[PDB]
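Below, each chain spelled out in residue letters.
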Amino acid sequence: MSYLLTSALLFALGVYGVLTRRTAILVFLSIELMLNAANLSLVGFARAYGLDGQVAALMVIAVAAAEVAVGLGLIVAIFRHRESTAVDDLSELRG
Amino acid sequence: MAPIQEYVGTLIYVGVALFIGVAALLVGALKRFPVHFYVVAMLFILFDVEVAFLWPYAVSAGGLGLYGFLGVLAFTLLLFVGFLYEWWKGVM
Amino acid sequence: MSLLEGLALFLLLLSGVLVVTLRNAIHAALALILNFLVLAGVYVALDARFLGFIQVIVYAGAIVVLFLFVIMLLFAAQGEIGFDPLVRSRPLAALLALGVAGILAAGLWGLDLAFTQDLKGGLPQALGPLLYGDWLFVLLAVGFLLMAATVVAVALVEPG
Amino acid sequence: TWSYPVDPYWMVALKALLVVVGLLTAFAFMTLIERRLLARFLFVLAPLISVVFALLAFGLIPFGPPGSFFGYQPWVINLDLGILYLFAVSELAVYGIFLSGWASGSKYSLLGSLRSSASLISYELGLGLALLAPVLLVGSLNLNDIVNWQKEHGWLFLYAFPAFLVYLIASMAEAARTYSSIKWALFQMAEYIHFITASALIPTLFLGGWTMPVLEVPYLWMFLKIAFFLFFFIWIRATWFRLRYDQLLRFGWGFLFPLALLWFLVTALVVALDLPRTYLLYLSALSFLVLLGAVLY
Amino acid sequence: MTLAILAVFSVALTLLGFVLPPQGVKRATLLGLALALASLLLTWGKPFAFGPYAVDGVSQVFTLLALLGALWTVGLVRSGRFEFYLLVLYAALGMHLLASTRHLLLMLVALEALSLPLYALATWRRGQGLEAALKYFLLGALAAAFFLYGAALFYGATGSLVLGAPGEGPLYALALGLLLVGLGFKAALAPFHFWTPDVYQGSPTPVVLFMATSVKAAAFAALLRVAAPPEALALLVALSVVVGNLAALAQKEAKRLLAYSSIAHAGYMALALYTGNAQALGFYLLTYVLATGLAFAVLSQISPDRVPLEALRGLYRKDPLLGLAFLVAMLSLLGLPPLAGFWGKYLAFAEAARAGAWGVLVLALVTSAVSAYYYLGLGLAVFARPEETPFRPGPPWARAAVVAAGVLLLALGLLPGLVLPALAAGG
Ligand SMILES: CCCCCCCCCCCO[C@@H]1O[C@H](CO)[C@@H](O[C@H]2O[C@H](CO)[C@@H](O)[C@H](O)[C@H]2O)[C@H](O)[C@H]1O
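Residues numbered from 1 in each chain as written, not as in the entry; some residues may be left out. Chains lettered and ligands numbered in written order. Part of a larger assembly, values for the part shown. Heavy atoms only, no water.

1. Here's the deal with the side chain of D:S100
Mapped onto the elements of the fold, D:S100 is located in helix α3 (residues 82-104). For D:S100, the contacting residues outside a window of four places in its chain are D:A46, D:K183 and D:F187. (Helix = DSSP H or I, 4+ residues; strand = E, 2+ residues; numbered from the N terminus. Contact = heavy atoms within 4.5 Å.)

Here it is, written out as structure tokens:
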């Protein structure tokens, strides 16, 4: 229980990260922290409901990895020759 | 399985090791750039995952029988289709 | 319990605060590895042991290593310089973060749960039969996801 | 770690200290041997890490049956999840490597550090795919269970010979080659420490580390096996060695790592179908016959 | 099994494409998609439940439509990089999985399965395409995070990660909201819709076709599985409808206007969720995938990178049947009788009113009447005097495609008593 609240606080912290971070990689990082908050909550509740939540959290980790591969791949691809990685440098597409 | 004491012991061990590290330090007081090194880093972060799944099988394996083995086989073959791809694609 | 727990969770929240605060990408990521270490600690303390070791090995060991290789292979900590600040946003980001915190705290209040399960320290000996068993479909699907993921990532780079 | 006793924390800490200083003096001796044979925040922090996590995880390695460290325990820490701990501590020294690379601020300081970092990671990872196969047989991740399994059923390299080959070959190829005055000293120290650690690990896993059929003396046996593989390591060090890493990665993956996990599935099929354990004695014998007899051409 | 066909073809084609010419791989992916689809048609009314995997009416219809989107999108993309078909197969299977389970975590895996290769498909390597991929990816990953935390809170408030679990008080609600965030984002419902215009305008056009049809389809299939509460449902609806049409007014570019149109349309579709009828939603999405698919095929035959509305004008003279089919599409997307789109809209509205959501319903109807501004501004624009406009007058493939799929529309406008009898359990 004491942990669950820390999980929520962490997720919030990650949200703050995403909203605050100026560069792509670091926004992505803040997202990773959020994911981890979720994982911790999954562990606590697994400890309440019996272990399926651990397998869950592990699958979650795997998934996270996959999207890290693709996401960093994208970040590198788009910004390789291009200059500074600040994500607001791409504002061409306007509503 | 293991008594919880030995994780604490692990941590203590870490403490000693770190302190000694600090000690030795104080005796010190006495284009294409990403591609390769990215691809072969990403594949690390994938094989770590693979193995992270293979370990739970390797322990409870004979208990899981031919269907368990079949599962681990399928899994392995999928991921190796991936690796075989980025191998046949080439990495340099 | 609370003796270690206080220090552990404080260190957790502190670490997260750092990873979202530090202006050095290397330093940030690094702080996140500290986070993952402590997190694997907490997992161990939460009878999820194998998950903890995978937490060090995959998440701390491997993933943020890829992050580091990437921020080092472009440029880290010198990317944030630009000064298109939007500092009217910082208290709004902070406020919205506090809101997304408050809502979760609210939803978690009044929860009386039996956190007493026999979940015999997250060992892979007990994890396995579930994984290659009731979880085998999700496992295999995940495998496929990894394959497709690598094909994407490679095709997402592919110079020439 | 049920059936295996627990020492008071003071003793664990003291034993740990002893092990660290012993590893250090061992390293000192080693360097002296090879030399008589040849006759800002991160800059500081990085080698600290590489030394810390190198020193870590020599402790799991059991030096004798319980009670035999004068009433106590030959090991430092025992751990149910034995083999994952090793992996975990091994990643982080490498962390230290590439980090120190970034620290310098020079091209190729970084780049090179990334080359060695990546390669060490590669082969270190290869060791895991190697170790799956014999874990299948033991059915435990704990090193004491592994060792004692070699006491009863006998020396794992007899059952997992291919895995033994890739383990030995890889862990040995690690030894091969590719202000700043102290930095290199600290790093090399960490590296050698890792080397003697491997020189202990190879016997502990695939052979019967300590735990001989005959004489059954606790320490001296492990010390001798260690001295053997360590000798081979120093021989690798003194002559220098070149692999240059384009061919080392290719060889590593393209041969060793597929082979390691292909063998894993073979022993997996065997354990799942329960057949005997004999089929792996036979297989390892045969694979040895090929992978030796085709060398002697 | 459809899943079997998809898996087989994907894994096989991955390595086979090294030994096959890109074109041959296109033939492959086409055949595979077609076979999956055929396997679906042959088991209509089978319900096949395996593990967390479950093929019922919903999975059947929605993966039928999704596979149709995959089929059409593959048709148009001769450009040789075998992955630019492979990834479509990957995505396709993923969307199937997404539509085929109540298991939250497998659902997440399916979401990544379909949305990861799409981040890649947003790359015609155009500078704007890269922007699209980046936005889609970041916002996507954040949404993912929310959906995951929602799953963890669902497993919080109940012992399961399966939807259909009884459900508590507050924590259960918070869980459903946190799920609706990610799922809603994936279906372009407000206020989770921001990515849609930039991504549709930025991505290569056939890819956008694939998205606006298949993705939305699977997304809604997965939304049927959620117990979506009346309040949240109302919010999502009202916002999506209003923002959809009203913002759609200001659009001077075709693709982006169609994105906003898709936001409003998601808004209308959500009404079916009020009862969660799924017979209504199925029909609606049949008409929608048909007409939208058509519209985007036509918009493909003009320009892949981007299309200004002026380009649409004079289309009739150039090709009479593409002009007519495009007009028909615009009218069916308007929801004007006697076209199938009107029946879909009616069938969703029907569930809204049946549920007793009157204010929401009316609002939707008012702004739907507003939407007649821009749907006509295209369909009519078909007959205007041609500005100098790019036009590659298509193969028999695409012409017969747009024409047939178009005819289907008013065919079901006159006779919805053809397909509607069984978009249900299959009887
Ligand atoms: C390469 C492409 C990859 C795509 C994914 C393909 C995956 C297919 C593999 C299916 C094996 O996965 C596994 O199947 C069986 C039966 O279906 C499941 O078993 C479960 O379902 C059955 C049937 O309702 C129940 O009797 C049983 O109590 C339950 O445990 C198990 O939970 C699942 O985890």
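2. Points about the interface of chain C and chain A
Taken together, the contact between chain C and chain A spans 75 residues of the former and 66 residues of the latter. For the chain C and chain A pair, buried surface summed over both sides reaches about 6600 Å², with 77% attributable to carbon and sulfur atoms. One can count one salt bridge joining chain C with chain A. For A:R21, the salt bridge identified is with C:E80, shortest N-O distance 4.0 Å. (Buried area = accessible area lost by both parts, 1.4 Å probe. Salt bridge = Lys/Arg side-chain N within 4 Å of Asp/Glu carboxyl O.)

3. Some points on the site of the ligand
Around the ligand, the surrounding shell holds 13 residues, and the nearest of these are C:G133, C:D134, C:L136, C:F137 and E:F50. Of the chains in the model, those with residues near the ligand are chains B, C and E. In this structure, an oxygen atom belonging to the ligand sits 3.2 Å away from a main-chain N or O atom of C:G133. Those elements that provide at least two residues to the shell around the ligand are α6 (136-155) of chain C together with α1 (2-16) of chain E. Take the shell around the ligand: its biggest share by element is five residues, from α6(C). Along the lines of polarity and charge, the residues of the shell around the ligand split into ten nonpolar, two polar and one charged. (Near = heavy atom within 4 Å. Polar contact = N/O pair within 3.5 Å; in protein donor to acceptor, adjacent residues only side chain to side chain. Nonpolar A, V, L, I, M, F, W, Y, C, P; charged D, E, K, R; others polar.)

4. Concerning the pattern of salt bridges
Under the definition given, this model contains 15 salt bridges over all chains. When the shortest N-O distance is used, the salt bridge between C:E158 and B:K89 registers 3.4 Å. Taken as a pair, C:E158 in the segment after α6 and B:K89 in the segment after α3 (65-88) lie in two separate chains rather than in one. On the basis of relative accessible area, C:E158 is assigned to the partly exposed category, the value being 30%. Classification of B:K89 by relative accessible area gives partly exposed; the value is 26%. Two residues, E:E83 and B:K89, come together in a salt bridge whose shortest N-O distance is 3.0 Å. Placement of E:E83 in helix α4 (residues 83-99) and of B:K89 in the segment after α3 is noted, with the two residues assigned to different chains. Connected via shared salt-bridge partners are B:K89, C:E158, E:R81 and E:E83. (Buried < 20%, exposed > 50% of the residue type's maximum accessible area, 1.4 Å probe, protein only.)

5. Some details on the packing of helix α12 (residues 279-302) of chain E against helix α14 (residues 320-334) of chain E
Residues and elements named next belong to chain E. The interhelical angle for the contact between α12 and α14, taken along N-to-C directions, is 140°, at an axis separation of 9 Å. With respect to their mutual orientation, α12 and α14 come out oblique. Judged by the sense of rotation from one axis to the other, the crossing of α12 with α14 is left-handed. Contacts between α12 and α14 pair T287, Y288, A291, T292, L294, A295, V298 and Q301 from the former with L322, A325, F326, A329, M330, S332 and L333 from the latter. Looking at side-chain class alone, the contact of α12 with α14 contains eleven nonpolar, four polar and no charged residues. (Axes fitted to C-alpha atoms, helices over the stretch in contact; angles between N-to-C directions. Parallel < 35°, antiparallel > 145°, perpendicular 65-115°, else oblique. Left-handed = near helix turned anticlockwise from the far one by under 90°.)

6. Considering empty space enclosed by the protein
Residues and elements named next belong to chain E. Estimates place the volume of the largest cavity at around 110 Å³. Lining the largest cavity, in full, are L108, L111, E112, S115, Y119, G140, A143, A144, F147, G182, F185 and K186. Contributing elements (two or more residues each) for the lining of the largest cavity: α5 (104-121), α6 (127-157) and α7 (170-187). Per-element tally for the lining of the largest cavity: the top contributor is α5, with five residues. Of the residues belonging to the lining of the largest cavity, the class tally is seven nonpolar, three polar and two charged. (1 Å grid on protein atoms, 1.4 Å probe; cavity = no way out; pocket = protein on both sides within 12 Å on 5 of 7 lines; lining within 4 Å. Points joined across faces, edges and corners; volume = space filled by probe spheres on them.)

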